[PDB]
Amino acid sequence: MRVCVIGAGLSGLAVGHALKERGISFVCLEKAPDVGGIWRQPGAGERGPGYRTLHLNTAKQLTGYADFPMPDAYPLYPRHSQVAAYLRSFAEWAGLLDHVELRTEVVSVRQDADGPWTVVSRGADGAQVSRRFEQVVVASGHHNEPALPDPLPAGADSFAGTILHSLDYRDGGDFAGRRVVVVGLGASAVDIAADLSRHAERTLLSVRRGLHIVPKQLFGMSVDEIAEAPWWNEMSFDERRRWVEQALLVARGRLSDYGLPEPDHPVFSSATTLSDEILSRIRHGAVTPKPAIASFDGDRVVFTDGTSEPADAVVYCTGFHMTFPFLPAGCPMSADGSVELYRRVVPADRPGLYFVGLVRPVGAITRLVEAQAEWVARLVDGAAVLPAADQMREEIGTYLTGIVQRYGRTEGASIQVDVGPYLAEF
């Protein structure tokens, strides 16, 4: 009745928890046959951005919900099945599954002229039902449209093997004995390359823009938990980058003696990739670094340095696009295509609509999603109020110009936040 929550992954569950605490009536619609979001997919063989060898890269204590710790048997970085099991247990413990419509996919959300929203949902049969809700919380994630590079290098149609996105990547054993190129230096790319490196005969890592390769751990500490080490917070920006970047050099050297492009910036500049493996896999010959792909010559891949390589498959680890197909008008955006959401959550001109989890932070997203859920629940029942619309887009303006200044007009900087000052206002 009162709130329709689109999604029962980690964000939609935090939302149902927050709605349930205030006694707010809500239903939670979710396409998958179970709660869990992306983490439930690798274990069910479903096209999703995860893969059979995916673990957390955030500390479990900063990753689980604050009122519901993960089993103490869990390691610091649990596997995706452990994470998916944990999230099923939360929904159980929180009495949410009575409110979750599984196998229910939202197809349109439209704001009626009188205030409420008509939500059309496709049930398990495909039977479309059309319902009305006072408010809609969107928690559908932003990793659900693959982003393939344009242009795909020449000869793509000549190619004897398979070209695929990480979305379609599933397990390294699906390429045992083959020769595979991985394109990208993202979190998906180093993980997939390291996985392939123990199954494919040969694994090539084709990277064209250098990213910073930071281990999951410095001084025995997770880097997401160093982020709030009080001794680290009293650092100035180039005081910590001073120590962070010398921390890297003793731990690993710099990227330039692994055959890796080093980046056009220092750390924290655009993004850093977290790995424990990829540098050592290079140094054991299990992964060979390569520049950008230049063309597909039929059976081989040609890289821009002139070198060539026989290749049975290319997995594009190039990330995801941010879309909302159930929203005819789109997520609020500026013409630059930057997200326009007051405090990263609230459209300035659309009462009753809220976006949760549509942020990308230093470290784990859970505390932020909890903060967002708690605020939204108090907006839904009037304990909290919003500024007038002109004032809301003033804060969006300040956020955005500061975004173009710091991270630049890259793709996806419109949702970038630092855990600390963001949580600090909830």
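Numbers follow the displayed sequence, beginning with 1.
Comparing 42-50 with 381-389, the one whose average Cα B-factor in the PDB entry is higher: The stretch with the larger average C-alpha B-factor is 42-50.
Averaging the C-alpha B factors as listed in the entry, name the stretch that ends up higher: 195-203 or 268-276. Comparing 195-203 with 268-276, the higher mean C-alpha B-factor belongs to 268-276.
Whose C-alpha has the highest temperature factor in the PDB entry: 285, 95, 115, 126? In the PDB entry, the greatest C-alpha B-factor among 285, 95, 115, 126 is found at 126.
For the listed residues 408, 16, 9, 23, which one has the largest C-alpha B-factor as given in the deposited model? Highest C-alpha B-factor among the listed options: 408.
Chain thirds of CA B-factor: placement of residue 324: As the PDB entry reports it, the C-alpha B-factor of residue 324 lands in the lowest third of its chain.
Third of chain Cα B-factors occupied by residue 75: CA B-factor rank for residue 75: lowest third.
Which third, lowest, middle or highest, does the C-alpha temperature factor of residue 369 belong to within its own chain? Lowest third of the chain for residue 369's C-alpha B-factor.
Going by what the PDB entry lists, where does residue 111 fall on CA B-factor within its chain: lowest, middle or highest third? Middle third of the chain for residue 111's C-alpha B-factor.
Rank-wise, by C-alpha B-factor, drop residue 28 into the lowest, middle or highest third of its chain. For residue 28, the deposited C-alpha B-factor lands in the lowest third.
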